[PDB]
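One structure below.
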Ligand code: SF4
Ligand code: SF4
């Protein structure tokens, strides 16, 4: 109950657990375009968009909220209508214009580079003036223009979090502040609304519900429904993975909101922890690690001996950072994570895996660095 | 319905679908030791065993059939009793001796190297004579001593690689009675491996496939004196290709006529994938046979649906790492069970090939 640690955890929670309208492929392009502040989008003589291949190879199949269209073209058009102050929710409240899409289709040129996250926007208008944007590395790292949005978690606050143990997260889920309780309740509500039908259902059993509900929420997001998702560390998929299996497991079990809240928070805490300790398919390795720990708390309580067994079994049955199948193969990856996390609660491991939760998170983090 | 196709397929079915007693980790050590032909195992002054790390990190937790012990020590002791003519099945009919294990424990020295498959055995006896064995690269590639090598031919294998899924679908309609008995044997042999609950979480079709496949897998791992019908010398690959289809049939129509066709189709696809690739790999090739086999039982010879099942399974391909501790292998098969079953309910648009042959080559490229 360090109180100083409570202050650290709560700042990390408000900085990483945030809303996002649409996938961050289209959300990033829209926000980068929106930062140019083109007063009259019909004045654009030419527009160049510079994206990395890691964000290009998937944006073609992602639907843009409030447009009824899919791909990069409506993400840029949407950006020209949305407000830069909305950040990741740039597509919110936009009134789509087909006349603008027809005008922009002609002047839009896309350059693709092989590098980490990069999203540059260069615009030249009829008057001869030029405009520039640049979001690099992190989904909210705005390089151009200069925006003194001072609070973002600095390196010391991040390093202090990486040094925490599972025992601290187990103590925190008892001493929860009311803002964090409302943030967790918001997360549970936001991602619950994403469930809109059957995507991969094969029964009424607990596992098939987790798979169906997690994949339905995942699909709803990817098709471009005007519904925000509560993302964890800027990843909408990682927030879905960390929450939906626990929401669906609660529904199929006690239906205890008090327990659901603690388990969802524990899961989110573990997810951010793994993300911080990781290097450059982390959705299911980091998100699924939060899910397996969260499900283990609901099913066993604060039994460290059983929480450590769940982490070793999950790490042994690691899905595979493949990712390669665009999106929809993205939902299949979440479904696989659902299976790995649920099955890990019924097997105990006696090599390639660590001894405890902290050792396993570092082993996963090592796999993502070299491979 | 070419007559030359029936000839090559049947000759390959009898060459790849064979029995196996214990995991090929322990089976390899036993066979390599057995090739030294130590007339009196109690005459051994010293023994050195040279294994690669890819086979050492497994063998400590693997049980040796007919010994009631686990590990390298009883695999070497068992090898000193078994016949080199038994090959991979060297542990069959052995009468374990604790007195020999006590004597050998003292003189056994293990050297571990970081290289592809290697299993060398050097022995020096009380009389001053020396003996040597060496199996490297393939589980049956005996380098030392020089053997006849017998029929697995390069022209025949290449002819099978060039075949299409259409040939395997035609073959499951004109099956020879020896192949029908071989498939029936496979279904029976691997069904007997199911010995309890390993990973059960319900009564549903999927949880049955997972539980039965992992229980069968575990039985083999613990060294029970029960052979398993391996596919291309892999017991795990043989389990993966058959158990989900045996457990799906049990939970569905319980049709032995369709079970045989589906099991054969699965085995055919497994050998095909194995031939197409070099150098985890049981669930990618064995699970590909399982997904095609399950798709035939559920949809028949619908090529449009068989191609969709292959693309979905290739998209949802399990982990690349070979799970250690041997316990991790049961978990890998369980994951393959999930990937194969779930692939029959999702269709993929547009990595990921267009048809079954393209997907097998994509998997082969990853390995
Ligand atoms: S495959 Fe995994 S890492 Fe890649 S986008 Fe989908 S969930 Fe994220
Ligand atoms: S982890 Fe995969 S490749 Fe390795 S032994 Fe197990 S099934 Fe075979």
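Following Swiss-Prot, chain B residues are numbered 1-150, 154-282, 287-357, 361-377, in order.
So this one's X-ray crystallography, 2.9 Å, going by the header.
Placed from the backbone N, Cα and C atoms, the Cβ positions cover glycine too.
Positions annotated as active site, proton acceptor by Swiss-Prot, on the basis of similarity to another entry: B:23. Positions annotated as [4Fe-4S] cluster binding site by Swiss-Prot: B:287, B:329, B:336.
Known features from Swiss-Prot, placed on the structure.
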residue: B:23; record: active site, proton acceptor; DSSP class: coil
residue: B:287; record: [4Fe-4S] cluster binding site; DSSP class: coil
residue: B:329; record: [4Fe-4S] cluster binding site; DSSP class: coil
residue: B:336; record: [4Fe-4S] cluster binding site; DSSP class: helix
Spatially closest candidate among B:287, B:329, B:336, the listed binding-site residues, to the residue listed as 'active site, proton acceptor' (Cα to Cα): B:336
Annotated recorded positions B:23, B:287, B:329, B:336, filtered by Cβ under 6 Å to ligand 2: B:287, B:329, B:336
Cβ neighbour count (within 10 Å, all chains shown) around residue B:329 ([4Fe-4S] cluster binding site): 16
Cβ-based neighbourhood (8 Å from the centroid) of the [4Fe-4S] cluster site, residues B:287, B:329, B:336 excluded: B:239, B:288, B:289, B:290, B:328, B:330, B:331, B:335, B:339
Neighbour-count leader, CB within 10 A, binding-site residues: B:287, B:336: B:336
Cα-to-Cα distance of termini bounding the 4-residue gap, residue B:282 and residue B:287, in Å: 9
Endpoint distance, Cα to Cα in Å, for the 3-residue gap that opens after residue B:357 and closes at residue B:361: 9
Endpoint distance, Cα to Cα in Å, for the 3-residue gap that opens after residue B:150 and closes at residue B:154: 7
Other CB atoms, at most 10 A from the CB of residue B:23 (active site, proton acceptor): 27
